[PDB]
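One chain comes next, on its own, written out as C-alpha cells in the form deposited in one PDB entry.
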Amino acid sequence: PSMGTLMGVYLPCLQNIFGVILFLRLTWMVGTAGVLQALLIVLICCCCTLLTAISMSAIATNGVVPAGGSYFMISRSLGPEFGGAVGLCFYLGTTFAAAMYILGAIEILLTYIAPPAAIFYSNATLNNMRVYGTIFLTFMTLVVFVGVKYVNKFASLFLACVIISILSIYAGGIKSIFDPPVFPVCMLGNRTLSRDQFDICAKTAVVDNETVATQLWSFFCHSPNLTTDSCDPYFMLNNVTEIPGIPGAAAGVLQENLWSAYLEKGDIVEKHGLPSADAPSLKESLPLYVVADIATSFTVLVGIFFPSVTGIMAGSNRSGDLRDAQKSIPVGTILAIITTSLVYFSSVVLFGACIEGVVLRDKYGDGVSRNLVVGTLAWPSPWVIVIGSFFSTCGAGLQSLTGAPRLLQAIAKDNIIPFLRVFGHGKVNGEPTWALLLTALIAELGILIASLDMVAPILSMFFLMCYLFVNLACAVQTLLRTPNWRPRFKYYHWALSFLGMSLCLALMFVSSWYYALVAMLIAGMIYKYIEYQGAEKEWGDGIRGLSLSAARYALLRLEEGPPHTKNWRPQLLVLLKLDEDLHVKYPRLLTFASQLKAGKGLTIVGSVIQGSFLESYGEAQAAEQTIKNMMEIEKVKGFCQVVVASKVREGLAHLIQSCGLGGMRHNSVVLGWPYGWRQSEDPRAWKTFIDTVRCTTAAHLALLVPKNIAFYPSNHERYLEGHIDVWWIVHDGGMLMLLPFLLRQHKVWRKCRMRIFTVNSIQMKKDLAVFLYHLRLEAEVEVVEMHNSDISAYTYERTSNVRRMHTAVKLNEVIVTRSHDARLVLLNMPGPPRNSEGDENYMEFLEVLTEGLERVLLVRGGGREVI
C-alpha cells in the first residue's frame, strides 16, 4: 500500500471542506454583514480550525500511525476515555451534516430547478421540505445499503463538479470587470420590488397611442383606471426606478456594501442612497416587497458559516494506504486548510465588489426573477452553478451516510461503551447493518426541522466540542509529561493547543450558551462513563477500581524524569520495635513522627517479626492491625509494612532498601536508641543498632536517632516557656537548620525560642544570618570558640582512642554547661568507624557525649541534601 500526499490527503480534505454553505449562503452573509465583518468571521472560523489541524498533526506524528482510520489515531494517542468521547461527538456531527446536505439539495430543487413540483402552496415551504427530505433520506439510505461500490467509484465526479463551479464563478467575475451581465432590479423609492409578478416596472405604458395602467399599478393599486385616489401614499409619493443589479467590479461598489446592514424579522431590504419620501402604506402591499426572513446578527452568521470549514479529519482517513504518513498527513491537511481559506477570502471580496448591496440580501433571489444570486455572475450560464451545487449536495449527503455508520461500527467493535455492542453486527462483507438504521433515524430527526439556518448551529456545536477536546487533551498531555506521548512535529507547542482550545470554546459559547452546556454535559458524561467502565474491567470494582487506576497512573507518570527534587523534605520510615507479645515498645516514636510531619508527606511504618513465614502469617496480620490502630490514635497518616524474617538484622536491611512503589520512596530513617545495652550481657543490644546505622548510611539516607524517647511531649501537652537549642558542629547544616523550623511549625513547639550554637567569627555570623533570612526563623546566633583539637574527631572520621574520649568529654562539658536548661537539643553525630571491631568504643563515645542532656536528638546527613 503506497499512494502520495496529493491523492491521499489533499483531495479528500478539499472535497470534504468545499460544501453547500458557500453557494447557498455566502452572498447573503456578505450582504448582511458587510465586507469587513465577513472577513473577520472567516478569519475567526479559520484560526480555530488551523490550530486544531496543528494539534492533529502533533497527534499524527508521535509513534507509528494506526492503519484503521482517523478515530484509531486519536484513541491510541490520547487514551480510551478521550478517544471514545471524541468519536461520539464526531459521529453526531457527521449524521447531522448528512441531514443538512439533504436539506440543501431539497432547497435547490424546489426553488430554482423546478418550482411547480412543490406539493404545498409560511408553513407550506416547511411541509414541502419535510416531505421531500424524508423521501430523499429514504432513497439515499437504500442506495447506500445496496451500492457502496458505485459511490466509491463515482466520488471523483462530485469534486470535479465543485471545482468547475468555482472556476465558472471566477471567470464570470473577471468578465464582469470589463463587460458585465444584465439583470435589472426594480425599485420603489428605496424599497425592493419582487420582479416575479410584474411584466415591467413602470407606473404607466403607452399602448395604442395613449397611456394605460401597467400590471405594477394593478398590483399596487386595486383600481385599473389612472383616475383614482384610493391608493396607498407611498406609491404615489415616490418614483419607480430600474437600477442594474450586476454593476461591474469597481471601487465605488466595494465602498458601498462595506458596513453592516443587520435587518430584523419582517423588515424591508432597502437601498441606502436613493431618494425616499416616507408615508404610510396599506397591508395588501407587503406581499410585493422583498422581506428579511430571519433576524440577523454577528453570532447568527458565525453559527451558520462554521459548518463550511469543518472536515479537517477527513484527510487523515486513509492512514493505512499511505506511503509515509508522518510526513504526508500534516502537510496535506494544512495545505488544504490554507487553500480553502484563501478561496473564501477572495470570494468574499469578489462578491462584495461585484454585486449590488441590495440583491445580496435576497436570500432566495427575489429581486431578480428567482435566480441563484451567486449564479448571476458566471460566464457560460447561471445553469452551471445550479446543477453543480445540486450534484455536490447529493454527493456530500451520500458520503456522510457512508462514513457515519462505519465510525459507529468501529466504536462498537472497540468494546469501550458496552450498551452499543449490537451496532457492530456488520454484514458478511463488513458493511454495517444496524448502524445505518440508527444513523438514518437521527438524520430524519434532524430533517424534521427543515431549515438550514437552524440545523447549522447544532452541527457547529458538535464539531466544536470535538475540536476542543482534541486540543485540551494534547495540551494537558504535553504539560504533565505523560509517559508515552512525545510528538515529533516541528512547529508545535502546547501554547498553540491551549490557544486553540480557548478560541474554539469562545466560539462554542458565542453561538448559543445553552447548546454549549448540553454538549459539554454530554461529553463529560461519556468521559466519566468510559473511565468507570475501564476501571471495572481492569481491576474488578467501580469506586475502588477508580482509586487504583488513579494511583497507578500517577506512579507511572512520576516514574520518568529526573528523580531529584530541587528541595529536600524528610519522608520518614519509622522502624518500630514490637514486643514479645506484639505490642509497640516505644509508642512515642509515632508521636514524634506525627509532630515532625504534621500530617503531610509520606510516612511508612515498618517492623520485623522473628520466626518463619511458613507458620507465622496470622501473627503478621495481627501485628499489622495493631500498628494500624496505634498509628490512627497518634494522628499520623501513613502506610504500614510488616515482614517476617529469620534474623531481625536482614529483615531491617530489606525493609530499609525496599519500601515504596517507584517514586514514592522514603529518604529518612528514624530509629530509636538501644537502652540497657551495657547493662545486660547479651552483646546483640548494640550490634543491631550499629548495623542498622551502617546500612542506612550506605543507602544515602538521612538518620534521626531520638535519644530518651520516654521524655518527649505528647500531642495534648503544650509548651509555654522553653527554648530549642541547636548545636551544629561542622557538617549537616542544611538539615540541622531545617529540622527545628519544621518542628516549631507544630502547635506543641509553636513558640519555643530557637538558639543556634556553632562550635572570621563576624563573617560566620553574617553568613548564618543571611541564610536565616530566607528561612525567616531569625533565631539568635551565638558562635562559641572552635578548637580544632576537640573537633578533630569529627574532621578525622568524616574526611587516638584516648584523644577521642577527651574531646568528647570536653565537648559534653561545654554543651552541658551552656545548654542544660534547653527544651530540645539537636546535634549532629559522627559517622560509625570503618573498623568493625571498634564499635564498643564508638558506642562509649556516643554515650559520653550526651551525658546530662534531658532530651537530645542526633541527625546524620545523607549527603544528597540540597537545601
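Note that residue numbering begins at 1 and tracks the sequence as displayed. Each form is matched to the other, and the largest set of C-alpha atoms that superpose within 1.5 Å is called the rigid core. Only residues modelled in both forms are compared.
Below: the form deposited in another entry, not depicted.
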| property | result |
| --- | --- |
| From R750, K265, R776, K327, residue displaced between this form and the one not shown - CA threshold 2 Å or more, rigid core | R776 |
| Cα displacement of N788 between this form and the one not shown reaching 2 Å, rigid core superposed | yes |
| Core-referenced shifts between this form and the one not shown - contiguous stretches of at least three, CA at least 2 Å | 541-543, 774-778, 785-795 |
